[PDB]
Amino acid sequence: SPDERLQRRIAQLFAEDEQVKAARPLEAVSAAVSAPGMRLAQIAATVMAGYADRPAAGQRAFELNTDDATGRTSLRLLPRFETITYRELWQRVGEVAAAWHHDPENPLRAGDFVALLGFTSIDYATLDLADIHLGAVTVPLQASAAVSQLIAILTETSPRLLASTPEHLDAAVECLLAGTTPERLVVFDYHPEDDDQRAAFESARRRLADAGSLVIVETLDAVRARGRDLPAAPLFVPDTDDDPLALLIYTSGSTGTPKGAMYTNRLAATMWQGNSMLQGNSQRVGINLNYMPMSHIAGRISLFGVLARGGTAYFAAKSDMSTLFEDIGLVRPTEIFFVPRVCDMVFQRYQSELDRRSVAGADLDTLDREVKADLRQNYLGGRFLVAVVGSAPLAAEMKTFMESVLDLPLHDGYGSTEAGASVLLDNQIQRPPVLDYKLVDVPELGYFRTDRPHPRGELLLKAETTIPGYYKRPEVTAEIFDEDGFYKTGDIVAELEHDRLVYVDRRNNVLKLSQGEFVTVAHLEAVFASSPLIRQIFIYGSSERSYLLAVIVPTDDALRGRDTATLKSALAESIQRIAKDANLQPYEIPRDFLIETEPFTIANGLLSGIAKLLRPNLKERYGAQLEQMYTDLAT
Ligand SMILES: Nc1ncnc2c1ncn2[C@@H]1O[C@H](COP(=O)(O)O)[C@@H](O)[C@H]1O
Numbered sequence: 005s006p007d008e009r010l011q012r013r014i015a016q017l018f019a020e021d022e023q024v025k026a027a028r029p030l031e032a033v034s035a036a037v038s039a040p041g042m043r044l045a046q047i048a049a050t051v052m053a054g055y056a057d058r059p060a061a062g063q064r065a066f067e068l069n070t071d072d073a074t075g076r077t078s079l080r081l082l083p084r085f086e087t088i089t090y091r092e093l094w095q096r097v098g099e100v101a102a103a104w105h106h107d108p109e110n111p112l113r114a115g116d117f118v119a120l121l122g123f124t125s126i127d128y129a130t131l132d133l134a135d136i137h138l139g140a141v142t143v144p145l146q147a148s149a150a151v152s153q154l155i156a157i158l159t160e161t162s163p164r165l166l167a168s169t170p171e172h173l174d175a176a177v178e179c180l181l182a183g184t185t186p187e188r189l190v191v192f193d194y195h196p197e198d199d200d201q202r203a204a205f206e207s208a209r210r211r212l213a214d215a216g217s218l219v220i221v222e223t224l225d226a227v228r229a230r231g232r233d234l235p236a237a238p239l240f241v242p243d244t245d246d247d248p249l250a251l252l253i254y255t256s257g258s259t260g261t262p263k264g265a266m267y268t269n270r271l272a273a274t275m276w277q278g279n280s281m282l283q284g285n286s287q288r289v290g291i292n293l294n295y296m297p298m299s300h301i302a303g304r305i306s307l308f309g310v311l312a313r314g315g316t317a318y319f320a321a322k323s324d325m326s327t328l329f330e331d332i333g334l335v336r337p338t339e340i341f342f343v344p345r346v347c348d349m350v351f352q353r354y355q356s357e358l359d360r361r362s363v364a365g366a367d368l369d370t371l372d373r374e375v376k377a378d379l380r381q382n383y384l385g386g387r388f389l390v391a392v393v394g395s396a397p398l399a400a401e402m403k404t405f406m407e408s409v410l411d412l413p414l415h416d417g418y419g420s421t422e423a424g425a426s427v428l429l430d431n432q433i434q435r436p437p438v439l440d441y442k443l444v445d446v447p448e449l450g451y452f453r454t455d456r457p458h459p460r461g462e463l464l465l466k467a468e469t470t471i472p473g474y475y476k477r478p479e480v481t482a483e484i485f486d487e488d489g490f491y492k493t494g495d496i497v498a499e500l501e502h503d504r505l506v507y508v509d510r511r512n513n514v515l516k517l518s519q520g521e522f523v524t525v526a527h528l529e530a531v532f533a534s535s536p537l538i539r540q541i542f543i544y545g546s547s548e549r550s551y552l553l554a555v556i557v558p559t560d561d562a563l564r565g566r567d568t569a570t571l572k573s574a575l576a577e578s579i580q581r582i583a584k585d586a587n588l589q590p591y592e593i594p595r596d597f598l599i600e601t602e603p604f605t606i607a608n609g610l611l612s613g614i615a616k617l618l619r620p621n622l623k624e625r626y627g628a629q630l631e632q633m634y635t636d637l638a639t
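Counting from 5, one number per residue, gives the positions in the sequence shown under the entry's author numbering.
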């Protein structure tokens, strides 16, 4: 059977693979972690002691290369990873915490805010745990946020320390020049031998000097060396009836201004011991590649859930996924969380390889099997026990495809920053943490409890993992809870039967075409991902119009040897074939579109940090062009 075959691979792994064998969670440690009165920092401490000698975290090895022509010295990555142990990481954490707690003039205290501007890394983990160690509130800033937004965040949270990576010092210094509250700027992920990083650092210190700031600019290495000669810091443990704030996770609802979702000491502890499948509540060996930012809930769960199981968390070299598959192939994780964008990258690799190897003497469906086998064992590392997709919808055909590549199920996990990570797993309500739910009719979008095969409406939730609200935004907080205490997800679902729900789309993505047919734009975007010719797609509509438009980023091979006209016909053809396969309505098919050779990225503000389309920014970028296309066509 399919499970039988997969279970045969795992038995081989545990017989043969000694890294895997050595990373099995310890029952005694898991027991201690799930102990009743344990608070967040005690959990961290227990894990670190319990797994002290094991590799905890890894990063790419690197070299420093001097170009004798330019004279410039740059950090260069090597194709391997280096690890540090639980003991070493915790030692580093304790050093930062001692430095902060025992500072002679201006020490940090429980409840102070600390702001962090980074990706995900050993240094990030060090700073984040040190906050936890002292009961400081972590504010992990989104790299994708505009400086104006960052300043808004800092104004609101009044942190006493700001920490930043070199690539982010430009935004960090503008925040500090603006008269915000941090007293120290701590640079991390910092290699002074790299000229570009050194220049960013020395610029940062000299601009703050020139401007007469009293901010102390320093390196994380220097903070650690200082704490190394200071007494041990106390471990923060709130009293039994207290649940102080521990973490703010900023998230942008249906339009991009950040609101800080409040995670209390208790809610943050669920990332170590809550029951998702990627949370630390299991005995699965956790060797994983962390490629999502610590500013997002999925990044934090990926780190803390792995640490909770005594596994090893490897950090991706880059935040834009440009090293993602090289990293996965080197790490060979025993688990992944996919976002759909990553499934896209796998599909594009497949299409490319298949097209390339499809020579005259080929047997094609045996070739398909061979390309997928190569993807599986080599591109993705061949050590997977489990796979999950989440954060955004995956179309049925791409799910079918990915399962064919992985040769195991691809679990669909639905959750949110506000509601919690688990909520729905493969269409099944997860209890715990869900306490109850209901569907509420949405008459103006055509979703009623009395709809056709299955009831439809907005999902409203109660769960143990729901946030209490957003930090200092109580009128915004008021709107996400109904009179009875239900969290309004803003998501449309269908109820197949009790506790079994199918995600449709966000309420705000449901559009009524003029003839009165509703379309779901994010869902249709997912469907057209299966076009072998489409690299990215943004689908756009107007309720004043009868049909959809799109902005399509073609693949490199789709582009090759074609002019604009030919490229459009080829895309249009592919679009029709995909629509047929997914049994789409005629009105669900983009009837024209813009060709865009510039990919949507984090850097140009069109992708989020977890590679989701940022709809408000895409509407602002292409909306005028698109409406003009509507007008030209109507003419
Ligand atoms: N498995 C999934 N399928 C479809 N959409 C999802 C899934 N998981 C999360 N989402 C979407 O992501 C939103 C939460 O985003 P975030 O707070 O960034 O995790 C949800 O309200 C959904 O719109």
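Yeah, the Cβ is synthetic: ideal placement off N, Cα and C, and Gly gets one too.
Q. Nearest to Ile291 by alpha carbon, out of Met298, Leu282, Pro297 and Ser299?
A. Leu282
Q: Could you tell me which uninterrupted beta strand (DSSP E) segments, each at least 3 residues in length, are contained entirely in the segment 129-168, listed from first to last along the chain?
A: 141-145 and 165-168
Q) Any heavy atom of ligand 1 closer than 6 Å to the Cβ of residue 651? A) Given a span of 5 to 639 for the chain in the structure shown, any question on residue 651 remains unanswerable.
**Q.** Check whether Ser323 and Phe123 have beta carbons under 7 Å apart
**A.** yes
(Q) Less than 6 Å separating the Cβ of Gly260 from some heavy atom of ligand 1? (A) No; taking the cut-off as 6 Å, the Cβ of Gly260 has no heavy atom of ligand 1 nearer than that.
Q. When the Cα atoms are used, what is the spatial distance from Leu358 to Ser326?
A. 22 Å
Q: May I ask you to check if the CB of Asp416 is nearer than 6 Å to at least one heavy atom of ligand 1?
A: yes
**Q.** Secondary structure of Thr274, DSSP reduced to three states
**A.** Of the three classes helix, strand and coil, the one that applies to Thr274 here is helix, per DSSP.
**Q.** Where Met42 sits in the DSSP three-state scheme
**A.** coil
(Q) Closer than 6 Å to a non-hydrogen atom of ligand 1 - does that hold for the CB of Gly394? (A) For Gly394, the shortest C-beta to heavy atom distance toward ligand 1 is below 6 Å.
Q) From this set, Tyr318, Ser286 and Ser280, which residue's C-alpha is nearest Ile301's C-alpha? A) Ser280
Q.
For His415, list the residues DSSP reports as bridge partners.
A. According to DSSP, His415 bridges with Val392.
Q) Taking the DSSP output, what are the residues bridged to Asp495? A) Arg510
Q) Per DSSP, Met266 forms a beta bridge with which residues? A) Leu252
Q) To which residues of the same chain is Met406 closer than 7 Å at the C-beta, ignoring the five residues directly before and after it? A) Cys347, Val350 and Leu414
**Q.** Contacts around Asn110, its chain only, beta-carbon distance under 7 Å, and the 5 residues preceding and following it disregarded
**A.** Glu187
Q: Determine the closest residue to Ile541 out of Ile579, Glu487, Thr568 and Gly264, with distance taken between C-alpha atoms.
A: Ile579
Q) Which whole-angstrom value is the C-beta distance of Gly231 and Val24, which I expect to be below 8 Å? A) Not quite, the Cβ-Cβ distance comes to about 35 Å (not below 8 Å), so this is no contact.
Q) Which residue comes first and which comes last in the beta strand (DSSP E) that contains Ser426? A) Looking at the DSSP string, the run of the beta strand (DSSP E) that includes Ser426 is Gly424 to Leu429.
(Q) Can you give me the C-alpha to C-alpha distance between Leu121 and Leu311, rounded to a whole angstrom? (A) 22 Å
(Q) Closer than 6 Å to a non-hydrogen atom of ligand 1 - does that hold for the CB of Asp560? (A) no
Q) Comparing the CB of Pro397 with every heavy atom of ligand 1, is any distance shorter than 6 Å? A) yes
Q. Three-state secondary structure (DSSP) at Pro235?
A. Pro235: coil per DSSP, three-state reduction.
Q: On a CA-only basis, which of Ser356, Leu505 and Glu483 is nearest residue 640? Give me that one, please.
A: Residue 640 lies beyond the range of the chain shown here (5 to 639); nothing can be said about it.
(Q) Buried or exposed for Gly115, going by 16 or more other Cβ atoms inside 10 Å? (A) exposed
Q | Neighbourhood of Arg387 by C-beta, 6 Å cutoff - its chain only, sequence neighbours within 5 removed | A | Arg336 and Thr338
Q | Chain-order list of residues whose beta-carbon lies under 8 Å from that of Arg510 (same chain, five-residue window excluded) | A | Excluding positions up to five away in sequence, the list reads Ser258, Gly494, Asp495, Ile496 and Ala526.
Q: Following the continuous alpha helix (DSSP H) through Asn621, name the residue where it begins and the one where it ends.
A: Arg619 to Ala638
Q) Beta-carbon separation of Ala167 and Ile126 under 7 Å? A) It is not a contact, given that the beta carbons lie outside the stated cut-off.
**Q.** DSSP beta-bridge partners of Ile538
**A.** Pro558
(Q) I need the DSSP call for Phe192, collapsed to helix, strand or coil. (A) coil
Q. Within 10 angstroms of its Cβ, does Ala102 collect 16 or more other Cβ (buried), or is it exposed?
A. buried
Q.
Relative to the C-alpha of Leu630, which candidate in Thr639, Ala607 and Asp596 has its C-alpha closest?
A. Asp596
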